[PDB]
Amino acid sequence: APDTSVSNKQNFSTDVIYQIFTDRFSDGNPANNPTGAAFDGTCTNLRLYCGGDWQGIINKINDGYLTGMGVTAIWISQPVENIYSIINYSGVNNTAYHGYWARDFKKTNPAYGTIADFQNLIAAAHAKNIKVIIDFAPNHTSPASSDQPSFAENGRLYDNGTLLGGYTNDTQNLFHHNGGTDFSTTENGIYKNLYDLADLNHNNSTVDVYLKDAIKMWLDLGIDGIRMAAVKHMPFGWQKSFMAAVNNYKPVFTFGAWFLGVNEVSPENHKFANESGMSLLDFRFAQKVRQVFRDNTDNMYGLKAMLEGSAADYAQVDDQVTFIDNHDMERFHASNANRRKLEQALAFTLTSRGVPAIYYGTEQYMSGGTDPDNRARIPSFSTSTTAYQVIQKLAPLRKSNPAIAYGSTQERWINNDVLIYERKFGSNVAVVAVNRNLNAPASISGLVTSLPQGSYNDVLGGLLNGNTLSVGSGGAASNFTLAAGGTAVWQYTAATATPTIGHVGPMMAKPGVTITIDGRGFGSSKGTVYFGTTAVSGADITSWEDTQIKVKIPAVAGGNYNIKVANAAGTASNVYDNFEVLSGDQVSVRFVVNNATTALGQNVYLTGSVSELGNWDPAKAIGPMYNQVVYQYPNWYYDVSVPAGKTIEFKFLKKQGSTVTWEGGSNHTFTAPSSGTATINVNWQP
């Protein structure tokens, strides 16, 4: 199958995601609607259930709404069973219409539908070449109060109907009991509750094994991807172990929700996206887009900086899920604003690197403040809006033009209000021009592109006041006027002679696992795949065609490898770096080091005898470790994903910048559990 196939669960870069807030999309089955105080058919009380369900989605898939838009993937509310409690938050009734208050990760939310309904959804979607992504929030169960168990459902957790435990009398310690987070520190945000939500304790073997078993059920149900909620609030080490569980079973494209504010650039965020085993929702991208196109708080130079910076900060920038708004921020379109702002932001996003996601209703110019005013029922299913047609014209390009899906990004023309950027992949090119200035046209002269000589029609057909482009030799464009609020797209595709890797996924797995290598110019006959210097050919290459390769990871030592391929003739491709071969199945282990005193600015890290521990290289050490919540300084702790059943040697380090102080004495030793969790407690050796 080709890289663009709906069967490709490892690569969403050629897709366009449509984010669906299930309850607010389409009530296809009134029979499953909640009743009484938990319900409002009119959807006037946005904190109640409105009736939107999976049948509705199926209907909207079958009637051409999504497909007509060029949508090729959907991201839906967390499908798992939520609490049925109607929570009164100071005079206002609230329901789990949003799906984020889980009670049983192995059952469905009856308001959305049954397991049978879910299967029907998967089938209907797939039949229409639409991939299905589910929100998954293993961070917590639901709102709770230990002192008052009668509040809500006391964050109770069930296992396919079997009560595991609740927030009150949590003898098992399934949850954390460290109060609520104040978002002051990462550690604080991880080991304390989000709001009043019962924080799951992933160091608890039951919880760990349960959640990993739960996701398997959904993977078995045929999901094509996962949107991990509140990833900044779960141990990064545990999440890597979760991603390993997924990847070592049935790998599916996964991205986490890690909020970033205006002008916020987080190295931690980058590191997470770079080493966790999942990508992220591109908040950096979205916030900048809003500043430039919506709020006018930065100009095209800021947009360009974000593009160049992000391309350098993210190992796999093409896996980042972009967007212009969502269920947690005001809707992009301000009721009083000019619609061209939203249309341009849309066009920009659809043609930019990464994986574009469109919040349901954006195409209908929905306006709304913060939660829940931004979660109103989609008021129309009209295909006649300008925004609908924009998506309709550009979405398909991600499929037909690999430059848009995998291409680099380069600024070709720029001023305060104008940005003309180029996407390039192999023999494929796309040039996009955007003039944010709604009042002033710009004179474009001196534009140089990689487009071959010729005349290029605006892919938008002038919908956004675009124009035709005339390119001479050397890729020089004839002078032209970029209309006020003008947005244009010119593109060119052609066969690529040299094997060119555009994408690889998953990016972290143990040997034997099958990975997907997408691009162009691979040729029809099997070639060779390289994991570092190790060459793989023949049988272990399950399938090989021009745009996609399926190959099993060879049994090489755990570590980070550069992936490369060569066609049957021996011609090598570019290198796709950062591939992590695990040392085997993973388990999440908590490392605790006692009496490790330090100086302000200097932190304790963990290093060990396996790649998961950085193989004794302090530059690849795990940390910095935590010392505030679960354990207090001078005791440090951290949750780490390590190879199950392996006997591992380790030591702790103190680091100040790049300067490192090693523990004295002999290495510590322990053997990782074969499944579940473990806590290794040792003293700092001077």
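Numbering starts at 1 and runs along the sequence shown.
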Mean B factor on CA atoms, stretches 592-600 and 396-404, record says higher is 592-600
Taking the deposited Cα B-factors and averaging over 154-162 and over 414-422, the higher mean is found in 154-162
Max C-alpha B-factor within the set 12, 25, 670, 18 falls on 670
From 586, 322, 455, 386, the top C-alpha temperature factor is at 455
Chain thirds by Cα B factor, record data; residue 84 belongs to the highest
Chain-relative C-alpha B factor for residue 334 (record values, thirds): the highest
So, residue 248's CA B-factor, relative to its chain, sits in which third? The lowest
Split the chain's modelled residues into thirds by Cα B-factor; residue 467 lands in the middle
So, residue 195's CA B-factor, relative to its chain, sits in which third? The highest
